Amino acid sequence: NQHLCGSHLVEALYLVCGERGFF
Amino acid sequence: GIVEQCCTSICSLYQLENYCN
């Protein structure tokens, strides 16, 4: 676990969330 | 919110999954 900012944050949310998406 | 917990601080993948719909 490291700092996740900007574009890297959205990519990590893309993979964690998958088809659910993110609020 | 997500920037405060994950960008300013550090969050696990378990805390990141909290932001999924």
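1. Comments concerning the packing of aromatic side chains
- Tallying each qualifying case throughout the model produces 2 aromatic pairs over all chains.
- Relative to A:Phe22, the ring of A:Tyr14 has its centre 5.7 Å away and its plane inclined at 35°; by these criteria the two rings are tilted.
- According to the relative accessible area criterion, A:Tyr14 is partly exposed, its value standing at 49%.
- Ring geometry for A:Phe23 against B:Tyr19: centres 5.8 Å apart, planes inclined by 40°, an arrangement best described as tilted. Residue A:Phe23 is found in the segment after helix 1 (6–17), and its partner B:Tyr19 is found in the segment after helix 2 (13–16); the two belong to separate chains.

2. A look at the state of the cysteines
- Counted by the stated rule, this structure contains 3 disulfides over all chains.
- The disulfide bridge from A:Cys17 ends at B:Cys20, spanning 2.1 Å between sulfur atoms. Here the disulfide of A:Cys17 and B:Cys20 is left-handed, its torsion about the S-S bond being about -85°. Placement of the pair is A:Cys17 in helix 1 and B:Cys20 in the segment after helix 2, with the two residues belonging to separate chains. You'll find A:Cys17 and B:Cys20 in the same group, each marked buried.
- Here B:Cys6 engages in a disulfide with B:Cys11; their sulfurs sit 2.1 Å apart. Since a negative S-S torsion denotes a left-handed disulfide, the B:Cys6-B:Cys11 link at about 105° is right-handed.

Cut-offs and rules
- Residues numbered from 1 in each chain as written, not as in the entry; some residues may be left out.
- Chains lettered and ligands numbered in written order.
- Heavy atoms only, no water.
- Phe/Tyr/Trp six-rings, centres within 6.5 Å; stacked < 30°, edge-to-face > 60°.
- Buried < 20%, exposed > 50% of the residue type's maximum accessible area, 1.4 Å probe, protein only.
- Helix = DSSP H or I, 4+ residues; strand = E, 2+ residues; numbered from the N terminus.
- Disulfide = S-S within 2.5 Å.

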